[PDB]
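Here's the structure, in structure tokens; my notes come after.
2 protein chains.
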Amino acid sequence: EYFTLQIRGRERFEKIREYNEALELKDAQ
Amino acid sequence: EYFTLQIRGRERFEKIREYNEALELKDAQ
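So the sequence lines, in the order shown, correspond to chains C and A. Each number in PDB author numbering comes from the position in the first sequence (counting from 1) with 25 added on. Each number in PDB author numbering comes from the position in the second sequence (counting from 1) with 25 added on.
What follows is the structure in structure tokens.
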């Protein structure tokens, strides 16, 4: 395995999907 | 395994660390 940001729990991964939206914020403003 | 956001490549993981800073942007403004 190279590298991975683990989460642990269903809701946990999902939480990271929204966390990715926030990333977009930077790429935006 | 629950879930994980894989990357693939050293620089690749690192890139995601900066990607996490961008996340902070949302939690900020």
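Built from N, CA and C at the ideal position, the CB exists for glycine as well.
Could you pull the start and end residues of the beta strand (DSSP E) that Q31 (chain C) belongs to? In the DSSP assignment, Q31 (chain C) falls within the beta strand (DSSP E) that extends over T29 to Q31.
Proximal chain A residues relative to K51 (chain C), where beta-carbon distance stays under 7 Å: What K51 (chain C) touches in chain A: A47 and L50.
Buried or exposed: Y27 (chain A), going by 16 or more other Cβ atoms within 10 Å of its Cβ? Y27 (chain A) comes out exposed.
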